[PDB]
Structure formats: structure tokens, C-alpha cells
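*Asks:* My questions all concern the structure below.
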Amino acid sequence: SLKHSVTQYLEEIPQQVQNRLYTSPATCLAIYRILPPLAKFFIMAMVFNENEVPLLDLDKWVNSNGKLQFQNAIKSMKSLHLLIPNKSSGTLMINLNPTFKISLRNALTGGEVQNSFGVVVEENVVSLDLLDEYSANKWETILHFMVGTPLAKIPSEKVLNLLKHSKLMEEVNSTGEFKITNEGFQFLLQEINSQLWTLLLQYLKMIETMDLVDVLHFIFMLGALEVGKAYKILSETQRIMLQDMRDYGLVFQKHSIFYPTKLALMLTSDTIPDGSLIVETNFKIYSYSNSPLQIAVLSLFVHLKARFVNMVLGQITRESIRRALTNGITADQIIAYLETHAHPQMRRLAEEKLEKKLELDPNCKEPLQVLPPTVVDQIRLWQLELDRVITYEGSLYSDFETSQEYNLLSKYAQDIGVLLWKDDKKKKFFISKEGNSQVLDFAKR
Amino acid sequence: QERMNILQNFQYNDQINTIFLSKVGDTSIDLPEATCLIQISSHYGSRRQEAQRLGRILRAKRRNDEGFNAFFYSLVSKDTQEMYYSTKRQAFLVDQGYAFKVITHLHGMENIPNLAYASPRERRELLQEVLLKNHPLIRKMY
Ligand SMILES: [Mg+2]
């Protein structure tokens with residue numbers, strides 16, 4: 001959902017703002033890589049010709065088999081307003097945006113760029129020792145403060161404010177603490193590339209009055225920069241933006257020159273495993289991971305018992321699962337984490353069981369489960385235990401003078417989808433507190 | 001004598017294929033033909049009873065034929081102390097390696113022609129019954 005998320009945000013932006021956004025070649029190049037492969041093919045054809053092509057011609061290129069992909073491509077391009085459909089002389093002519101066409105032309109042909117990609121100071125620093133360590137630690141710190149594990153250096157107010165108001169890491173003053181939510185666990189599950197965009201996308205919505213295009217302009221060219229290089233300093237809004245960028249471990253400053261980091265390059269949709277753990281019948285967890293971040297996330301629903309340098313060993317318990325469920329983590333998410341962080345050995349034995357299953361009877365092909373089904377059943381059963389009681393808040397209706405009135409009132413509540421339960425014998429029905437006013441309003445009417 | 005006769009019939013006769021045993025046969029009994037086991041209710045928190053009873057069907061003669069899997073069931077009433085006992089007594093098998101599967105519902109059970117205490121009248125009759133549970137000369141005269 002990376003290209004979907006970035007693309008969807010661009011669509012919501014008004015066309016008037018999009019035109020100004022396409023001014024810099026850098027952002028146009030980044031936006032070009034987001035469109036579907038067919039869209040890029042048409043765009044490249046149209047960038048280098050200052051003419052008008054009728055719509056039907058582009059359709060002729062697409063084969064009959066790939067006709068479906070044509071509909072998606074044209075729809076995506078039109079929504080971003082990159083392609084301007086002009087109708088005249090009885091034909092629906094097609095043309096490319098003049099600003100976008102010029103922007104792409106300069107980048108490819110090396111025309112005047114107005115320092116969109118930045119400048120080089122020729123003062124490089126060691127990437128492995130400094131850039132990797134700084135961003136890794138800074139990104140590590142924010143993650144720890146999100147998973148709830150104690151950490152000395154808490155994040156700054158800027159990122160702290162962003163996390164709270166967003167769905168991530170819901171906080172309550174009365175509780176006096178911060179805890180993860182259903183979306184928060186998904187955020188942790190998402191790979192680093194999608195993990196970074198979620199925070200950046202939320203920040204883009206947080207900024208107010210700072211221009212929306214300027215923030216988008218800075219973010220796009222940041223990926224264009226190459227790690228381990230200097231870049232001298234930019235818009236006035238981009239200045240405070242650059243300092244705020246340091247809070248997320250994307251750019252490093254000594255105190256005039258800013259250095260992009262691995263995360264900065266990774267932003268622009270760049271193309272045994274650590275975290276693998278063994279889940280077995282005895283509800284014992286053996287995670288072959290050596291990293292506090294992996295340990296912290298595991299503790300959300302695993303009762304850790306001890307840790308070695310090479311791995312951490314723990315046990316799944318009813319208390320541990322309930323703790324995660326209470327916060328808002330769903331069981332389906334938990335199994336996804338277990339399945340996606342499986343040990344290679346588990347797959348082989350599961351495949352061996354499948355091979356024997358096929359040998360005895362090859363007529364059945366069920367989706368293979370890396371971890372034993374018993375763990376799945378118990379975890380889901382515990383979820384059912386927490387959902388044992390279902391309660392709704394609202395009001396009750398009784399003592400209707402006429403049966404027709406009761407039916408009329410009940411029927412309307414069903415129409416507006418606020419009727420929860422009803423009994424014809426007792427002439428009673430219960431409605432949700434949310435739709436209590438609507439039912440009462442209809443009663444008066 | 002009687003139990004042996006029942007045991008012999010259950011083994012060598014095709015007519016009878018099921019028996020209802022008790023704690024008597026919980027240990028050191030050889031039943032090669034036994035493959036399926038059902039435990040409606042048993043001895044509280046005892047663990048060895050669960051394992052030893054499971055050993056009866058581990059004796060299956062046809063334990064090498066392809067696709068053979070002995071069946072071991074433990075019917076437990078929901079929302080009852082039996083769950084506390086049941087989870088405690090099977091704590092030894094899990095250590096050995098056997099894993100227990102939860103069966104919330106048996107497919108095709110409703111289509112069975114007849115079931116015990118299906119009508120409410122029969123159920124109430126059971127409820128009341130279970131609730132109600134707690135001189136040689138003189139000899140000739142006569
Ligand atoms: Mg013996």
C-alpha cells in the first residue's frame with residue numbers, strides 16, 4: 001500500500017495545488033516512478049514531443065490481452081491531472097501538462113534545474129560508522145518509546161505530538177501512560193519502507209500554515225540524494241522542516257551541510273533471518289534474534305523467561321495473550337507475526353507433512369501452516385474468551401398504545417440501521433445509544 | 001470370569017466393537033485391537049490416569065499401516081470445573097509431546113437420526129431423576 005498511500009494523498013490535493021507541485025524536476029521524477037508501468041510508458045513517449053496525440057492512438061498500442069491494464073493506467077494518470085484531456089474538432093485530444101513536461105525534460109536532458117537535486121560540498125563522512133549508527137539509533141529510540149519498553153532518551157516533543165494525535169500509540173492523561181493500538185501493531189508489522197511513510201504521511205497532514213507543496217518538495221528530493229555525501233543549504237519553511245527531519249533519524253547535522261542516510265534513500269520506493277522464532281506445541285518461544293527492538297515487540301504478547309546472547313527464549317501464556325488483546329491487538333495480527341517470523345526448520349517439517357499428505361492422498365491441497373495448528377486454535381480461543389460478553393449501550397421501548405405504532409417505530413429504526421434487538425411477543429425493542437435520538441425524533445414525528 | 005468373557009467377546013467377535021470400562025482397566029492391560037478411546041468423565045486432577053488410559057490405544061496392532069491414526073477423545077463440559085481438571089490432568093502428555101485439539105462442534109452431528117434426550121420432556125425427566133439421586137419336631141410345623 002506504499003504507492004497506493006502516496007498516490008491517494010496526491011489525488012486528494014486540489015488540482016490548483018498539484019500544478020505548483022510539479023514545478024521542480026525532482027518531485028516530478030519521484031512522482032513518475034509511482035505510476036503503473038503502462039502509465040510510465042505513455043508518459044515517456046509524450047515528454048519528448050511538443051505536439052498533440054488523439055486518445056485513440058494510445059489505445060492502439062495496448063494489446064487486446066492487456067486491455068484491462070489500460071483502464072487503470074489512464075485513470076491513475078488523469079486523477080493526478082498529469083494528463084489533460086482536451087476535446088476539439090469533434091475529437092477528444094490528449095496532451096501532457098506543460099509544467100510536468102518541462103520538469104521531466106530538464107531532468108533527463110540535464111537542463112536548468114535550479115538546484116532541485118542540491119549541491120555537493122565534497123566533504124564526505126563514513127557511512128557505516130556514523131550515518132548508519134546515528135539513524136539506526138534514532139529510529140531505534142522512537143520505536144522503543146512506541147512499543148512501551150523503558151528507554152532513557154525519550155523522543156522530542158515534535159514527533160511525540162505527531163504520534164499522540166495520530167492513531168499510533170494512544171495515550172490518556174488519566175492513565176498517565178502510552179500504549180499501542182490495533183493500528184500500532186500493524187505499523188510495527190509493516191516493513192521499514194511503509195513504516196517510514198506512515199509517520200511522514202501523518203506529519204504532512206499535521207502541518208498547518210509551512211506550505212503543503214514545500215514539505216512535499218523537500219521530502220521527494222530527499223530520496224533523490226545519495227547517502228554518504230554532503231549537501232549544502234533552501235526555502236524558509238524548509239529550514240525548520242530540515243531540523244524536524246533530524247527527529248526521525250533521516251538526516252544528520254553536526255550542529256550548514258546535511259547528510260542523507262540509509263532511510264533517506266530508502267524513502268523513494270527502493271527495491272538465518274533476524275527475528276525468526278520457533279513456535280511449538282509446548283507454547284515455548286525460541287527467537288533467534290539479538291536486538292532490543294525485536295525483544296521489545298515480542299514481549300507485547302510473550303512472557304519472556306530468559307535471554308542469551310544468540311537468542312531469547314520465552315513461553316506463550318494466557319496472561320501474555322490477554323495483555324495484548326486488552327490493548328487492542330487482534331489475534332489474526334499475532335498469528336501473522338508468528339507466520340512471517342517463522343524459522344526455516346518449521347517450513348521444512350510442515351512441507352514434509354504436506355508431502356506425506358500428498359503421498360497418501362494428493363486430492364487435497366490445503367494452505368500449509370508453518371506453525372502447529374494447536375497454537376493457532378488456543379490463541380483464537382483466548383480471543384473468543386475476551387469477546388465472551390458483548391454489551392451495547394442504549395435505551396428500551398415499551399408500552400405501545402397500538403401495534404401499528406410499535407411496528408412503524410421499529411420499522412423506521414431498522415431502516416436507519418439503529419435497531420439492535422426486538423421481540424414481537426413483548427412488543428419491546430432495544431436501540432443503540434448512538435441512534436437513540438434518531439428513534440426518539442421519529443417517535444415525535 | 002464375567003469381565004474376561006466380555007473382554008474376549010469385544011476382541012474376537014465382530015458383533016461387539018465397543019466396551020465401557022472403568023478405573024479397573026486403567027493400567028497394565030493389553031488391548032491390541034483397541035484404536036479409539038472416549039473419556040466422558042474421569043478422576044479429577046490425576047495426571048497418570050490420563051496417560052495410562054491413553055496407553056491402551058497405543059497398543060494398536062495395526063500401528064504400521066499407512067494413514068493409521070489412533071483417536072483419543074476427552075469430552076469436557078464447558079463453564080465447569082472439569083475444564084480446570086481437564087487442563088491439569090493432560091499436563092503430562094503435553095510434556096511428552098502430544099498436543100490436544102479443541103473441537104467446538106462435530107460436523108454432521110445434527111443429521112444423525114436419533115439422539116439421547118432430544119425433546120425437552122426427556123431432558124426434564126433426566127433432571128429430576130439425577131436431582132432425586134440424593135428342634136426336629138417343630139420343623140414340621142414351619
Ligand atoms: Mg505392561
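In the C-alpha cells, the first chain shown is A, the next is B, and so on; residue numbers restart at 1 for each chain, and ligands run from 1 in the order shown.
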Pick out the residues sitting within 8 Å of stretch 372-380 of chain A, and hand them over as a PyMOL selection string; count only C-alpha atoms, and ignore anything fewer than 6 positions along from it in its own chain.

*Replies:* (chain A and resi 279-281+283+321+331-332+335) or (chain B and resi 99-102)

*Asks:* What parts of stretch 42-101 of chain B does DSSP call strand (DSSP E or B)? I'd like the answer as number ranges by chain.

*Replies:* B: 71-74

*Asks:* Please produce an output containing N, CA, C and O atoms for each residue in the selection, written as a PDB file, in the first residue's frame.

*Replies:*
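Everything below was put into selection_6.pdb:
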```pdb
ATOM      1  N   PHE B  71      -7.327 -42.607  17.873  1.00  0.00           N
ATOM      2  CA  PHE B  71      -8.159 -41.488  18.294  1.00  0.00           C
ATOM      3  C   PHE B  71      -8.329 -41.520  19.805  1.00  0.00           C
ATOM      4  O   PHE B  71      -8.639 -42.570  20.378  1.00  0.00           O
ATOM      5  N   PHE B  72      -8.126 -40.369  20.442  1.00  0.00           N
ATOM      6  CA  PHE B  72      -8.231 -40.231  21.891  1.00  0.00           C
ATOM      7  C   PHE B  72      -9.019 -38.964  22.189  1.00  0.00           C
ATOM      8  O   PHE B  72      -8.524 -37.854  21.961  1.00  0.00           O
ATOM      9  N   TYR B  73     -10.237 -39.125  22.698  1.00  0.00           N
ATOM     10  CA  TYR B  73     -11.131 -38.011  22.967  1.00  0.00           C
ATOM     11  C   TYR B  73     -11.303 -37.825  24.468  1.00  0.00           C
ATOM     12  O   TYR B  73     -11.196 -38.776  25.247  1.00  0.00           O
ATOM     13  N   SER B  74     -11.570 -36.581  24.865  1.00  0.00           N
ATOM     14  CA  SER B  74     -11.829 -36.231  26.265  1.00  0.00           C
ATOM     15  C   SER B  74     -12.966 -35.212  26.269  1.00  0.00           C
ATOM     16  O   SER B  74     -12.738 -34.008  26.129  1.00  0.00           O
TER      17      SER B  74
END
```

*Asks:* Can you work out which residues are within 8 Å of ligand 1, considering only C-alpha atoms and all ligand atoms, and then hand them over as a PyMOL selection string?

*Replies:* chain B and resi 27-30

*Asks:* Let's have the selection written as a PDB file, in the first residue's frame, with N, CA, C and O atoms.

*Replies:*
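In the end it all went to part_12.pdb:
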```pdb
ATOM      1  N   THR B  27      -4.629 -49.613  33.882  1.00  0.00           N
ATOM      2  CA  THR B  27      -3.193 -49.857  33.862  1.00  0.00           C
ATOM      3  C   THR B  27      -2.904 -51.320  33.554  1.00  0.00           C
ATOM      4  O   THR B  27      -3.666 -52.214  33.932  1.00  0.00           O
ATOM      5  N   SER B  28      -1.784 -51.546  32.863  1.00  0.00           N
ATOM      6  CA  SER B  28      -1.234 -52.887  32.643  1.00  0.00           C
ATOM      7  C   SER B  28      -2.276 -53.838  32.059  1.00  0.00           C
ATOM      8  O   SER B  28      -2.415 -54.980  32.501  1.00  0.00           O
ATOM      9  N   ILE B  29      -3.015 -53.368  31.058  1.00  0.00           N
ATOM     10  CA  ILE B  29      -3.965 -54.190  30.317  1.00  0.00           C
ATOM     11  C   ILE B  29      -3.624 -54.084  28.838  1.00  0.00           C
ATOM     12  O   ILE B  29      -3.435 -52.978  28.317  1.00  0.00           O
ATOM     13  N   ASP B  30      -3.541 -55.230  28.166  1.00  0.00           N
ATOM     14  CA  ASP B  30      -3.141 -55.296  26.766  1.00  0.00           C
ATOM     15  C   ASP B  30      -4.382 -55.460  25.896  1.00  0.00           C
ATOM     16  O   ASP B  30      -5.068 -56.486  25.971  1.00  0.00           O
TER      17      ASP B  30
END
```

*Asks:* Just want the 9 Å neighbourhood of residue A:300, counted on only C-alpha atoms, with same-chain residues fewer than 4 positions away dropped. Output as a ChimeraX atom specification.

*Replies:* /A:147-148,296,320-321,323-324

*Asks:* One decimal, in Å: what's the spacing between atom CA of residue A:43 and atom CA of residue A:85?

*Replies:*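 Between atom CA of residue A:43 and atom CA of residue A:85 the gap works out to 13.9 Å.
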
*Asks:* Any chance you could list, as a VMD selection string, the residues in stretch 118-171 of chain A that come up helix (DSSP H, G or I) when DSSP is run on the backbone?

*Replies:* chain A and resid 127 to 147 157 to 165

*Asks:* Show me, as a list in words, the residues that have an atom within 12 Å of stretch 362-367 of chain A when counting only C-alpha atoms, minus same-chain residues fewer than 6 positions from it.

*Replies:*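 Here the answer would be residues 350, 351, 353, 354, 355, 356 and 373 of chain A.
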
*Asks:* For C-alpha atoms, I'd like the residues from the last selection saved as a CSV table (one decimal), in the first residue's frame.

*Replies:*
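File produced: selection35.csv:
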```csv
chain,number,residue,atom,x,y,z
A,350,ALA,CA,5.5,-28.7,7.5
A,351,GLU,CA,6.4,-29.4,3.9
A,353,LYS,CA,4.0,-33.4,6.4
A,354,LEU,CA,2.4,-32.0,3.2
A,355,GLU,CA,4.5,-34.3,1.0
A,356,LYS,CA,3.3,-37.3,3.0
A,373,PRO,CA,-2.4,-25.6,14.4
```

*Asks:* Choose the residue, out of A:39, A:245, A:390, A:136, that has the smallest atom-to-atom separation from residue A:291; count only C-alpha atoms.

*Replies:*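 With only C-alpha atoms as the atom set, the closest residue is A:136.
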
*Asks:* Chain B residues within 12 Å of chain A, counting only C-alpha atoms: which ones, as a list in words?

*Replies:*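 Here they are: residues 65, 66, 67, 68, 78, 79, 91, 92, 93, 94, 95, 96, 97, 98, 99, 100, 101, 102, 103 and 104 of chain B.
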
*Asks:* What is the atom CA of residue A:307-atom CA of residue A:177 distance in Å, reported with one decimal?

*Replies:*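 Atom-to-atom, atom CA of residue A:307 to atom CA of residue A:177, that is 26.7 Å.
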